[PDB]
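Have a look at the structure below before the remarks.
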Amino acid sequence: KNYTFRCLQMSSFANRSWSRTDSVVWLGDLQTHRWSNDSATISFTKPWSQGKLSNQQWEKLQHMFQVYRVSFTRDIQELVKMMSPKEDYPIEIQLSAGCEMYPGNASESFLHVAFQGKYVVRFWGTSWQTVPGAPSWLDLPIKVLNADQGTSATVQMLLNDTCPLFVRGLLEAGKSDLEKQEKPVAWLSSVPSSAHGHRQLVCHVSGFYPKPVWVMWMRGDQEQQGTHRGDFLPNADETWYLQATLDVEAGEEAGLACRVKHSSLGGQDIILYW
Amino acid sequence: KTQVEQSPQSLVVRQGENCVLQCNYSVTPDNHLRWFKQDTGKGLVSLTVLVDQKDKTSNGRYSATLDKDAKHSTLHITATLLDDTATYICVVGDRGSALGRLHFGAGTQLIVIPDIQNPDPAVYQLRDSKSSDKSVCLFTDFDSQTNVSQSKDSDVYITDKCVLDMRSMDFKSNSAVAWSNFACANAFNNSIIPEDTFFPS
Amino acid sequence: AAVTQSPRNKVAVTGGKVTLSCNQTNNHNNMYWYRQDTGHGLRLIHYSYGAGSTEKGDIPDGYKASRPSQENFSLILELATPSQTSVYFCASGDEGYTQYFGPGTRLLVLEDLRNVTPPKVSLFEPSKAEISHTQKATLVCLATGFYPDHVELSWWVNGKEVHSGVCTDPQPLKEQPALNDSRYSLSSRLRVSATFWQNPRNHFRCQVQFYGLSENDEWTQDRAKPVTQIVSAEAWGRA
Amino acid sequence: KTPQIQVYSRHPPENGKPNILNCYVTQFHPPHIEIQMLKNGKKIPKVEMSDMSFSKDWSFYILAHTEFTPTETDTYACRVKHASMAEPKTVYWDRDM
Ligand SMILES: CCCCCCCC/C=C\CCCCCCCC(=O)O[C@@H](COC(=O)CCCCCCCCCCCCCCCCC)CO[C@H]1O[C@H](CO)[C@@H](O)[C@H](O)[C@H]1O
Ligand SMILES: *[C@@H]1O[C@H](CO[C@@H]2O[C@@H](C)[C@@H](O)[C@@H](O)[C@@H]2O)[C@@H](O[C@@H]2O[C@H](CO)[C@@H](O)[C@H](O)[C@H]2NC(C)=O)[C@H](O)[C@H]1NC(C)=O
Ligand SMILES: *[C@@H]1O[C@H](CO)[C@@H](O[C@@H]2O[C@H](CO)[C@@H](O)[C@H](O)[C@H]2NC(C)=O)[C@H](O)[C@H]1NC(C)=O
Ligand SMILES: *[C@@H]1O[C@H](CO)[C@@H](O[C@@H]2O[C@H](CO)[C@@H](O)[C@H](O)[C@H]2NC(C)=O)[C@H](O)[C@H]1NC(C)=O
Ligand code: NA
Ligand code: NA
Ligand code: NA
Ligand code: NA
Ligand code: NA
């Protein structure tokens, strides 16, 4: 299948003096890197996080990021002074950067920037641009950022060349983690559903990887159309948690089963009878 | 002590000699490096700017290298002229935009001793345009081997030597001036002056 | 892309107010003030990203910045001190990295103005002996009795400044090197061809611009107030 | 945005059996947040936090978890302080939910 490599930067600027930048890196829904503000170096969160980079290529790439993090912090502080007093502290800046990998040497790279939680700027082709809906005052920051040909050449290289090359290596090195199968375990429970005579049956499903799963409340062969899947919730061990609720009438509980289909079960569906 | 260091601190060369000036820096990042020439009590004249990881530039008799890996630049002056006498200043810009700070080296002082081809050492007396009882003594046309010493008598004033350039005639000459309230025969006694120095009258 | 500074030279007293002005018609958003002291590179005092913006540089202490317009960026020394004796450089720029530098301002802050004295200027005409020996004619200019040493000596022929065949002592000499606030002397030569000096339509002038008191500096002594002024000496060519 | 808090166990809850309790805090900004996991209204020591990350919509999320052993009597909760709330929000673990 297709995998998106996502480098997520969160930068908080409380006032002229105080700031922190924290980064996490995801390949699909698996974390590959962490870079805490407190750490001089990027941390691997998998044995295979260096992908197929030599030690010298990785050291070179890390050194570039180390200079970037310091430079970025000063650049934002200077841009605030430049736009003063239009924009003031506190300021949150987020970057989402990476590449989506497609079959047959195809990929697309992205670098999106959010200011105070709104997507306002991307890197596109050879320059920074504002996106539809961004405020006009960003034209000055963009003009200043776009004067820096050295940064533009580096960003172009990272998006066009480094990202897809690095990620092709990660996919090879991490293949056995990315393709892991972990079995769901299910269990049932019930509560009042703020309706006089109505019960809410809950089917809990936990420990499954990967994410795609099917969970249905059932009377025999009849799929209970009232079934509501909650959100996919993460477990600490890089597996998933999901619950499916059914609002029933007190007494009708008898005859209901919860059925779970998952790739890990090799066709042996879980059926739990209330 | 600082992020940009220049060597030598100072140097004296003779006209027509080449010299090399060094700049070493710790500035990070290093977007570009500029060489300025600053003549005495004047402003900054850009000679060259280097921008690439391994860079070479030229500007007439000036050439420069930059190696961003070594954080090292050299400025080469070919065939020095009197007018190269100046301070040479290395500057590193830490961005390719107005968000940049400039990091200035403290400079290298270059002195170029001019070549006096046809010396004619002499001591002339010059009279005041207004009150012609006043005069100065002009020691002129000596080659750059001759040193002019301050007077032993503290009521006699003697300037350091000074080279002028009559550009249209392609002609340079050294001179020093002495005055007091004393004759020109005696003015430069405390200096070792050429034996064939012309004293008119 | 030109930048101008005024004044170009200023003598001030400790405790006095000094304003250094920088003007730029490039429509540059960005302006920068530096000082240059022997043994150091230029050091950033204050900068500005536009009208109403002032930002502290590396060494802002003892200076206020003012950006009243896109064109003008001023450095204000509210209480001048001797440590602010320096050469001050202004620069401007757009979004690009290039800073375009002005020509510099020389500031001297004296403890006291009591010894400030303008020069006497004397022009010494060429020796007939030099002319017969060399077919060249050296004029000498002498500025004497001045304090402090903030003078600019220039040569003018027929109302136009000359540089060819000129050289001025690189620093004034002290008239009484024993004394604390010695007066200075400075000499210059202008060397021309004998035929040029011999032409009686050639008017030669040695000019000394002296930097001293402003019209608004207080003066308590009997002698003339030693204000900023030009003193010059002139002679015509002759056979 | 006002933080959503979801409390759930890793394994089926059985009285007296060790387990892991998850507190998943989502849809909040700015990212400054204090998350406490409580036993009988008292701070559980040595609670593990995931790195903070953010979703497609740029809102922040983090997973807190801790070892716990459910009993008939003990109550478990997740308490969140965030600028978007005058008062701390507390969500109680209900095994039946
Ligand atoms: C794992 C690898 C795969 C690739 C993953 C995706 C890659 C992209 C991920 C994150 C972005 C990383 C960007 C890396 C740039 C690194 C370049 C660098 O060296 O650091 C540079 C860092 O400076 C920057 O580029 C700062 C980053 C650009 C700003 C990012 C924000 C863009 C949007 C603007 C924010 C909008 C809100 C602002 C308004 C706030 C005020 C109100 C330093 O530049 C200087 O040194 C370099 C030498 O090293 C020289 O080439 C270069 O001429 C000179 O100026
Ligand atoms: C890098 O690739 C871009 C085009 O790709 C787009 O922008 C990237 C940053 C990344 O986001 C991709 O996934 C995007 O599809 C090249 O940009 C073109 O460059 C030429 C001239 O250099 C220009 O005329 C085109 O208009 C640009 N394309 C666009 C859409 O603007 C860029 O040159 C590449 N740079 C290098 C160094 O490889
Ligand atoms: C800049 O911001 C930081 C972080 O917000 C300020 O430090 C905080 O101050 C409050 C007191 O009002 C404390 O409760 C926090 O615990 C502090 N946090 C940290 C990490 O120190 C800091 O004081 C601000 N600085 C200035 C100059 O205003
Ligand atoms: C985030 O990391 C940065 C970078 O290390 C910290 O900045 C340093 O902080 C100390 C003060 O604690 C300064 O003296 C250093 O000079 C700073 N380093 C640089 C490169 O500026 C920053 O303090 C950290 N932020 C928080 C909130 O801890
Ligand atoms: Na690895
Ligand atoms: Na690896
Ligand atoms: Na900056
Ligand atoms: Na040098
Ligand atoms: Na300085």
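Labeling convention for the structure tokens: chains A, B, ... as they appear, residues from 1 per chain, ligands from 1 in order of appearance.
For ligand 4, the neighbouring protein, DNA and RNA residues, which are those within 7 Å when only C-alpha atoms and all ligand atoms are counted, are residues 18, 19, 20, 21, 37, 38 and 70 of chain A.
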Keeping only N, CA and C atoms, write the selected residues as a PDB file, in the first residue's frame.
```pdb
ATOM      1  N   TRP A  18      11.606  33.404  25.464  1.00  0.00           N
ATOM      2  CA  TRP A  18      11.279  31.970  25.714  1.00  0.00           C
ATOM      3  C   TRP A  18      10.728  31.281  24.460  1.00  0.00           C
ATOM      4  N   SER A  19      11.336  30.174  24.049  1.00  0.00           N
ATOM      5  CA  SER A  19      10.726  29.328  22.993  1.00  0.00           C
ATOM      6  C   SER A  19      11.192  27.882  23.126  1.00  0.00           C
ATOM      7  N   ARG A  20      10.434  26.970  22.522  1.00  0.00           N
ATOM      8  CA  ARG A  20      10.841  25.556  22.374  1.00  0.00           C
ATOM      9  C   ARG A  20      10.310  25.028  21.042  1.00  0.00           C
ATOM     10  N   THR A  21      11.086  24.128  20.443  1.00  0.00           N
ATOM     11  CA  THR A  21      10.730  23.397  19.212  1.00  0.00           C
ATOM     12  C   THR A  21      10.845  21.900  19.496  1.00  0.00           C
ATOM     13  N   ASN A  37      13.061  19.428  22.318  1.00  0.00           N
ATOM     14  CA  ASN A  37      13.780  20.707  22.534  1.00  0.00           C
ATOM     15  C   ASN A  37      15.004  20.488  23.441  1.00  0.00           C
ATOM     16  N   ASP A  38      14.910  19.582  24.419  1.00  0.00           N
ATOM     17  CA  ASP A  38      15.946  19.333  25.462  1.00  0.00           C
ATOM     18  C   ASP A  38      17.136  18.579  24.872  1.00  0.00           C
ATOM     19  N   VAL A  70      18.144  26.056  15.445  1.00  0.00           N
ATOM     20  CA  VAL A  70      18.694  27.332  15.996  1.00  0.00           C
ATOM     21  C   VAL A  70      18.306  28.485  15.064  1.00  0.00           C
TER      22      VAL A  70
END
```
Could you name the residues that touch residue 158 (chain A) at 12 Å or less, counting only C-alpha atoms, but leaving out those on the same chain fewer than 6 positions away, as a PyMOL selection string? chain A and resi 7+61+64-65+97-99+109-111+123+126+151-152+164-167
Output file for the residues above (N, CA, C and O atoms, as a tab-separated table (two decimals), in the first residue's frame):
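Contents of again10.tsv, freshly written:
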```
chain	number	residue	atom	x	y	z
A	7	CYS	N	7.08	14.48	8.92
A	7	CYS	CA	7.90	15.22	9.89
A	7	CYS	C	7.04	16.35	10.47
A	7	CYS	O	6.59	17.23	9.68
A	61	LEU	N	22.94	14.97	7.67
A	61	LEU	CA	21.51	15.35	7.66
A	61	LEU	C	21.15	15.90	9.05
A	61	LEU	O	20.53	16.95	9.11
A	64	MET	N	22.67	19.44	9.60
A	64	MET	CA	21.78	20.39	8.87
A	64	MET	C	20.56	20.73	9.75
A	64	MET	O	20.22	21.91	9.85
A	65	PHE	N	19.91	19.74	10.35
A	65	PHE	CA	18.70	19.97	11.18
A	65	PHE	C	19.10	20.75	12.44
A	65	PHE	O	18.31	21.62	12.83
A	97	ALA	N	5.82	18.23	7.01
A	97	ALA	CA	6.71	18.08	5.85
A	97	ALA	C	7.00	16.59	5.66
A	97	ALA	O	7.09	15.85	6.68
A	98	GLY	N	7.14	16.17	4.41
A	98	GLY	CA	7.45	14.77	4.09
A	98	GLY	C	7.08	14.45	2.67
A	98	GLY	O	7.14	15.36	1.82
A	99	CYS	N	6.76	13.18	2.42
A	99	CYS	CA	6.48	12.66	1.06
A	99	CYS	C	5.52	11.48	1.21
A	99	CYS	O	5.60	10.76	2.23
A	109	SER	N	6.00	15.26	-2.56
A	109	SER	CA	6.55	15.87	-1.33
A	109	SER	C	5.69	17.08	-0.96
A	109	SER	O	5.06	17.66	-1.85
A	110	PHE	N	5.67	17.44	0.32
A	110	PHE	CA	4.85	18.55	0.86
A	110	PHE	C	5.61	19.21	2.00
A	110	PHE	O	6.41	18.54	2.71
A	111	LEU	N	5.42	20.51	2.15
A	111	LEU	CA	5.89	21.28	3.31
A	111	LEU	C	4.84	22.34	3.58
A	111	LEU	O	4.79	23.33	2.81
A	123	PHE	N	5.72	25.39	0.94
A	123	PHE	CA	6.79	25.40	-0.09
A	123	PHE	C	6.23	24.71	-1.33
A	123	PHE	O	5.65	23.63	-1.22
A	126	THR	N	9.81	26.11	-6.25
A	126	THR	CA	11.11	26.73	-5.88
A	126	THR	C	10.92	27.84	-4.84
A	126	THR	O	11.92	28.52	-4.55
A	151	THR	N	18.58	28.72	1.27
A	151	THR	CA	17.50	27.95	1.93
A	151	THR	C	16.61	27.31	0.85
A	151	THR	O	16.32	26.12	0.98
A	152	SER	N	16.21	28.07	-0.17
A	152	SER	CA	15.34	27.54	-1.24
A	152	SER	C	16.00	26.32	-1.90
A	152	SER	O	15.31	25.30	-2.07
A	164	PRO	N	12.13	11.18	-0.71
A	164	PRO	CA	11.75	9.90	-1.31
A	164	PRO	C	12.87	8.86	-1.19
A	164	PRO	O	12.58	7.73	-0.84
A	165	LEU	N	14.12	9.26	-1.40
A	165	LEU	CA	15.29	8.37	-1.27
A	165	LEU	C	15.35	7.79	0.15
A	165	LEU	O	15.43	6.57	0.31
A	166	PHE	N	15.28	8.65	1.17
A	166	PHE	CA	15.37	8.22	2.58
A	166	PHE	C	14.24	7.24	2.90
A	166	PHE	O	14.51	6.17	3.51
A	167	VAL	N	13.01	7.58	2.48
A	167	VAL	CA	11.77	6.83	2.81
A	167	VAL	C	11.78	5.47	2.10
A	167	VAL	O	11.34	4.50	2.72
```
Could you work out which residues of chain A fall inside 10 Å of chain C? Count only C-alpha atoms, and format the result as a PyMOL selection string. chain A and resi 78-79+81-85+140-149
Let me have all residues with an atom within 6 Å of ligand 6, counting only C-alpha atoms and all ligand atoms, laid out as JSON, numbers by chain. {"A": [48, 49, 50, 51, 52, 173]}
Step one, run DSSP on the backbone; step two, keep only residues of chain D assigned to strand (DSSP E); then write them as an MDAnalysis selection string. chainID D and resid 4:9 19:28 34:39 42:43 48:49 53:54 60:68 76:81 89:92
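Listed by chain and then residue number, the contacts of ligand 3 are residues 12, 13, 14, 15, 16, 17, 18, 19, 20, 89, 90 and 91 of chain A; 32 of chain D (distance at most 12 Å, using only C-alpha atoms and all ligand atoms).
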Taking only C-alpha atoms and all ligand atoms into account, which residues are within 9 Å of ligand 9, as a PyMOL selection string? (chain B and resi 104+106) or (chain C and resi 34-44+86-88)
Can you write out the residues you just picked, keeping N, CA, C and O atoms, as a PDB file, in the first residue's frame?
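File written: again.pdb
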```
ATOM      1  N   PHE B 104      31.745  40.913  11.669  1.00  0.00           N
ATOM      2  CA  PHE B 104      32.909  41.650  11.121  1.00  0.00           C
ATOM      3  C   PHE B 104      34.188  41.170  11.802  1.00  0.00           C
ATOM      4  O   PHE B 104      34.226  41.108  13.040  1.00  0.00           O
ATOM      5  N   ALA B 106      38.151  42.177  12.667  1.00  0.00           N
ATOM      6  CA  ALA B 106      38.797  43.420  13.139  1.00  0.00           C
ATOM      7  C   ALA B 106      39.756  43.983  12.077  1.00  0.00           C
ATOM      8  O   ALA B 106      40.261  45.077  12.292  1.00  0.00           O
TER       9      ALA B 106
ATOM     10  N   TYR C  34      25.983  50.968  13.410  1.00  0.00           N
ATOM     11  CA  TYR C  34      27.181  50.272  13.921  1.00  0.00           C
ATOM     12  C   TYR C  34      28.167  51.307  14.453  1.00  0.00           C
ATOM     13  O   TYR C  34      28.127  52.466  14.013  1.00  0.00           O
ATOM     14  N   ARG C  35      29.070  50.879  15.332  1.00  0.00           N
ATOM     15  CA  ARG C  35      30.279  51.671  15.659  1.00  0.00           C
ATOM     16  C   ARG C  35      31.507  50.813  15.383  1.00  0.00           C
ATOM     17  O   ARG C  35      31.453  49.592  15.572  1.00  0.00           O
ATOM     18  N   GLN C  36      32.573  51.469  14.947  1.00  0.00           N
ATOM     19  CA  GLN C  36      33.865  50.847  14.599  1.00  0.00           C
ATOM     20  C   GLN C  36      34.912  51.428  15.541  1.00  0.00           C
ATOM     21  O   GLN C  36      35.133  52.638  15.487  1.00  0.00           O
ATOM     22  N   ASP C  37      35.532  50.569  16.340  1.00  0.00           N
ATOM     23  CA  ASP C  37      36.619  50.909  17.290  1.00  0.00           C
ATOM     24  C   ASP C  37      37.813  50.007  16.974  1.00  0.00           C
ATOM     25  O   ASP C  37      37.607  48.796  16.716  1.00  0.00           O
ATOM     26  N   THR C  38      39.016  50.569  17.062  1.00  0.00           N
ATOM     27  CA  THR C  38      40.300  49.871  16.802  1.00  0.00           C
ATOM     28  C   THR C  38      40.306  48.574  17.623  1.00  0.00           C
ATOM     29  O   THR C  38      39.829  48.581  18.781  1.00  0.00           O
ATOM     30  N   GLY C  39      40.727  47.470  17.007  1.00  0.00           N
ATOM     31  CA  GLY C  39      40.787  46.144  17.650  1.00  0.00           C
ATOM     32  C   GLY C  39      39.478  45.375  17.544  1.00  0.00           C
ATOM     33  O   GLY C  39      39.452  44.191  17.948  1.00  0.00           O
ATOM     34  N   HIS C  40      38.409  46.000  17.041  1.00  0.00           N
ATOM     35  CA  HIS C  40      37.091  45.332  16.889  1.00  0.00           C
ATOM     36  C   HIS C  40      36.622  45.456  15.442  1.00  0.00           C
ATOM     37  O   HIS C  40      36.982  46.438  14.777  1.00  0.00           O
ATOM     38  N   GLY C  41      35.808  44.509  14.996  1.00  0.00           N
ATOM     39  CA  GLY C  41      34.975  44.691  13.800  1.00  0.00           C
ATOM     40  C   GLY C  41      33.866  45.679  14.108  1.00  0.00           C
ATOM     41  O   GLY C  41      33.673  45.991  15.307  1.00  0.00           O
ATOM     42  N   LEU C  42      33.147  46.157  13.096  1.00  0.00           N
ATOM     43  CA  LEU C  42      31.911  46.953  13.328  1.00  0.00           C
ATOM     44  C   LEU C  42      30.995  46.155  14.256  1.00  0.00           C
ATOM     45  O   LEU C  42      30.938  44.934  14.101  1.00  0.00           O
ATOM     46  N   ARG C  43      30.338  46.833  15.202  1.00  0.00           N
ATOM     47  CA  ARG C  43      29.395  46.210  16.163  1.00  0.00           C
ATOM     48  C   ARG C  43      28.041  46.910  16.054  1.00  0.00           C
ATOM     49  O   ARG C  43      27.999  48.169  16.065  1.00  0.00           O
ATOM     50  N   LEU C  44      26.987  46.102  15.932  1.00  0.00           N
ATOM     51  CA  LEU C  44      25.590  46.556  15.755  1.00  0.00           C
ATOM     52  C   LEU C  44      25.045  47.127  17.070  1.00  0.00           C
ATOM     53  O   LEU C  44      25.055  46.416  18.077  1.00  0.00           O
ATOM     54  N   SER C  86      34.018  57.298  18.724  1.00  0.00           N
ATOM     55  CA  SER C  86      34.028  56.177  17.748  1.00  0.00           C
ATOM     56  C   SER C  86      33.779  56.705  16.337  1.00  0.00           C
ATOM     57  O   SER C  86      33.570  57.912  16.162  1.00  0.00           O
ATOM     58  N   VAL C  87      33.801  55.805  15.365  1.00  0.00           N
ATOM     59  CA  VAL C  87      33.278  56.056  13.996  1.00  0.00           C
ATOM     60  C   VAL C  87      31.976  55.257  13.904  1.00  0.00           C
ATOM     61  O   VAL C  87      31.981  54.036  14.234  1.00  0.00           O
ATOM     62  N   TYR C  88      30.897  55.942  13.555  1.00  0.00           N
ATOM     63  CA  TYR C  88      29.530  55.375  13.497  1.00  0.00           C
ATOM     64  C   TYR C  88      29.182  55.192  12.032  1.00  0.00           C
ATOM     65  O   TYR C  88      29.383  56.153  11.272  1.00  0.00           O
TER      66      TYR C  88
END
```
Leaving out residue 161 (chain C) and any residue of its chain fewer than 2 positions from it, which residues lie within 10 Å of it when counting only C-alpha atoms, given as number ranges by chain? C: 154-159, 163-164, 204-207
Give me a file of those residues, with C-alpha atoms, as a PDB file, in the first residue's frame.
```pdb
ATOM      1  CA  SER C 154      41.792  70.039   1.447  1.00  0.00           C
ATOM      2  CA  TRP C 155      43.468  71.720  -1.585  1.00  0.00           C
ATOM      3  CA  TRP C 156      41.501  73.885  -4.087  1.00  0.00           C
ATOM      4  CA  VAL C 157      42.741  75.211  -7.476  1.00  0.00           C
ATOM      5  CA  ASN C 158      40.371  77.759  -9.130  1.00  0.00           C
ATOM      6  CA  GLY C 159      37.484  76.791  -6.780  1.00  0.00           C
ATOM      7  CA  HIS C 163      43.796  65.232  -4.941  1.00  0.00           C
ATOM      8  CA  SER C 164      46.597  64.500  -7.492  1.00  0.00           C
ATOM      9  CA  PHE C 204      45.715  78.012  -4.929  1.00  0.00           C
ATOM     10  CA  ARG C 205      43.903  77.566  -1.602  1.00  0.00           C
ATOM     11  CA  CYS C 206      44.612  75.321   1.408  1.00  0.00           C
ATOM     12  CA  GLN C 207      41.358  74.876   3.419  1.00  0.00           C
TER      13      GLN C 207
END
```
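The binding environment of ligand 7, defined as every protein, DNA or RNA residue with an atom no more than 8 Å away and counting only C-alpha atoms and all ligand atoms, comprises residues 71, 72, 73, 74, 75, 76, 77, 78 and 79 of chain A; 95, 98, 99, 100 and 101 of chain B.
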Would you mind exporting C-alpha atoms of the selected residues as an mmCIF file, in the first residue's frame?
```
data_model
loop_
_atom_site.group_PDB
_atom_site.id
_atom_site.type_symbol
_atom_site.label_atom_id
_atom_site.label_comp_id
_atom_site.auth_asym_id
_atom_site.auth_seq_id
_atom_site.Cartn_x
_atom_site.Cartn_y
_atom_site.Cartn_z
ATOM 1 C CA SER A 71 18.306 29.417 12.779
ATOM 2 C CA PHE A 72 14.493 28.876 12.644
ATOM 3 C CA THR A 73 14.111 30.110 16.281
ATOM 4 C CA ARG A 74 15.992 33.384 15.530
ATOM 5 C CA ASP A 75 14.198 33.870 12.133
ATOM 6 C CA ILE A 76 10.698 33.735 13.777
ATOM 7 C CA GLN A 77 11.846 36.124 16.585
ATOM 8 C CA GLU A 78 13.137 38.518 13.855
ATOM 9 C CA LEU A 79 9.927 38.177 11.741
ATOM 10 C CA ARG B 95 21.563 34.452 6.276
ATOM 11 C CA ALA B 98 17.563 40.734 5.805
ATOM 12 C CA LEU B 99 17.007 38.279 8.777
ATOM 13 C CA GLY B 100 20.869 37.994 8.650
ATOM 14 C CA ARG B 101 23.412 39.437 11.113
#
```
List every residue of chain D that has an atom at most 12 Å from any atom of chain A, giving for each one its closest atom pair and the distance in Å to one decimal, counting only C-alpha atoms, sorted by chain and then by ascending residue number, as a Markdown table.
```
| residue | atom | partner | partner_atom | distance |
| --- | --- | --- | --- | --- |
| D:1 | CA | A:117 | CA | 10.4 |
| D:4 | CA | A:231 | CA | 12.0 |
| D:5 | CA | A:233 | CA | 11.0 |
| D:6 | CA | A:233 | CA | 8.4 |
| D:7 | CA | A:233 | CA | 9.8 |
| D:8 | CA | A:241 | CA | 8.6 |
| D:9 | CA | A:206 | CA | 8.7 |
| D:10 | CA | A:206 | CA | 6.4 |
| D:11 | CA | A:206 | CA | 6.9 |
| D:12 | CA | A:187 | CA | 6.2 |
| D:13 | CA | A:187 | CA | 9.0 |
| D:14 | CA | A:187 | CA | 11.1 |
| D:20 | CA | A:236 | CA | 8.9 |
| D:21 | CA | A:235 | CA | 9.3 |
| D:22 | CA | A:235 | CA | 7.1 |
| D:23 | CA | A:235 | CA | 9.6 |
| D:24 | CA | A:233 | CA | 7.4 |
| D:25 | CA | A:233 | CA | 10.2 |
| D:26 | CA | A:233 | CA | 10.3 |
| D:27 | CA | A:117 | CA | 11.3 |
| D:28 | CA | A:117 | CA | 10.2 |
| D:29 | CA | A:117 | CA | 7.6 |
| D:30 | CA | A:92 | CA | 7.4 |
| D:31 | CA | A:12 | CA | 8.3 |
| D:32 | CA | A:12 | CA | 8.9 |
| D:47 | CA | A:236 | CA | 11.7 |
| D:48 | CA | A:236 | CA | 9.0 |
| D:49 | CA | A:236 | CA | 8.9 |
| D:50 | CA | A:236 | CA | 7.6 |
| D:51 | CA | A:24 | CA | 7.3 |
| D:52 | CA | A:24 | CA | 7.9 |
| D:53 | CA | A:24 | CA | 6.6 |
| D:54 | CA | A:8 | CA | 7.5 |
| D:55 | CA | A:8 | CA | 9.6 |
| D:56 | CA | A:96 | CA | 9.0 |
| D:57 | CA | A:117 | CA | 8.3 |
| D:58 | CA | A:117 | CA | 5.8 |
| D:59 | CA | A:117 | CA | 7.2 |
| D:60 | CA | A:10 | CA | 9.5 |
| D:61 | CA | A:234 | CA | 10.7 |
| D:62 | CA | A:234 | CA | 9.7 |
| D:63 | CA | A:236 | CA | 7.3 |
| D:64 | CA | A:236 | CA | 8.2 |
| D:65 | CA | A:236 | CA | 7.0 |
| D:66 | CA | A:236 | CA | 9.6 |
| D:67 | CA | A:236 | CA | 11.3 |
| D:94 | CA | A:191 | CA | 9.4 |
| D:95 | CA | A:189 | CA | 7.5 |
| D:96 | CA | A:189 | CA | 4.8 |
| D:97 | CA | A:202 | CA | 6.6 |
```
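Residue neighbourhood of residue 231 (chain C), excluding near-sequence residues (fewer than 4 positions): residues 117, 118, 119, 120, 121, 122, 123, 141, 142, 143, 144, 146, 151, 152, 153, 154, 205, 206, 207, 208, 209, 210, 211, 226 and 227 of chain C, at 12 Å, using only C-alpha atoms.
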Run DSSP on the backbone and give me the residues of region 165-213 of chain A it puts in helix (DSSP H, G or I), as a tab-separated table (two decimals) with N, CA, C and O atoms, in the first residue's frame.
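Output contents, as saved in out-v8.tsv:
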```tsv
chain	number	residue	atom	x	y	z
A	165	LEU	N	14.12	9.26	-1.40
A	165	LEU	CA	15.29	8.37	-1.27
A	165	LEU	C	15.35	7.79	0.15
A	165	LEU	O	15.43	6.57	0.31
A	166	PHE	N	15.28	8.65	1.17
A	166	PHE	CA	15.37	8.22	2.58
A	166	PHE	C	14.24	7.24	2.90
A	166	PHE	O	14.51	6.17	3.51
A	167	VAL	N	13.01	7.58	2.48
A	167	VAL	CA	11.77	6.83	2.81
A	167	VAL	C	11.78	5.47	2.10
A	167	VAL	O	11.34	4.50	2.72
A	168	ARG	N	12.28	5.37	0.86
A	168	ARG	CA	12.40	4.07	0.14
A	168	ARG	C	13.25	3.13	1.00
A	168	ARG	O	12.86	1.97	1.17
A	169	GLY	N	14.35	3.64	1.55
A	169	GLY	CA	15.23	2.91	2.48
A	169	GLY	C	14.54	2.52	3.78
A	169	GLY	O	14.78	1.39	4.25
A	170	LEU	N	13.76	3.43	4.37
A	170	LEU	CA	13.00	3.18	5.63
A	170	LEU	C	12.03	2.02	5.39
A	170	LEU	O	11.90	1.16	6.26
A	171	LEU	N	11.31	2.06	4.27
A	171	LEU	CA	10.28	1.03	3.93
A	171	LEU	C	10.96	-0.34	3.84
A	171	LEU	O	10.39	-1.30	4.37
A	172	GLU	N	12.15	-0.41	3.26
A	172	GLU	CA	12.94	-1.67	3.18
A	172	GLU	C	13.35	-2.09	4.59
A	172	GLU	O	13.03	-3.23	4.96
A	173	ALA	N	13.97	-1.20	5.36
A	173	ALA	CA	14.57	-1.50	6.67
A	173	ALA	C	13.48	-1.85	7.70
A	173	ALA	O	13.71	-2.70	8.53
A	175	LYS	N	10.38	-3.05	7.10
A	175	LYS	CA	9.36	-3.87	6.39
A	175	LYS	C	8.63	-4.78	7.39
A	175	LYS	O	7.39	-4.82	7.36
A	176	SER	N	9.36	-5.44	8.28
A	176	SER	CA	8.80	-6.46	9.20
A	176	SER	C	7.96	-5.78	10.29
A	176	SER	O	6.96	-6.36	10.69
A	177	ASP	N	8.31	-4.58	10.75
A	177	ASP	CA	7.44	-3.82	11.69
A	177	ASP	C	6.21	-3.30	10.94
A	177	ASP	O	5.10	-3.38	11.50
A	178	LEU	N	6.39	-2.76	9.73
A	178	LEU	CA	5.29	-2.11	8.97
A	178	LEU	C	4.25	-3.17	8.60
A	178	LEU	O	3.07	-2.84	8.60
```
Report as a VMD selection string all protein, DNA and RNA residues lying within 12 Å of residue 27 (chain B), evaluated on only C-alpha atoms, omitting residues in the same chain fewer than 2 positions from it. (chain A and resid 67 71) or (chain B and resid 2 to 5 23 to 25 29 to 33 68 to 72 91 to 95 100 to 105)
Select all residues from chain C having any atom no more than 9 Å from an atom of chain B (counting only C-alpha atoms, ignoring ligands), output as number ranges by chain. C: 30, 37-44, 87, 89, 93-99, 101-104, 106, 122-130, 134, 138-140, 163-170, 172-173, 175-177, 185-192, 233-235
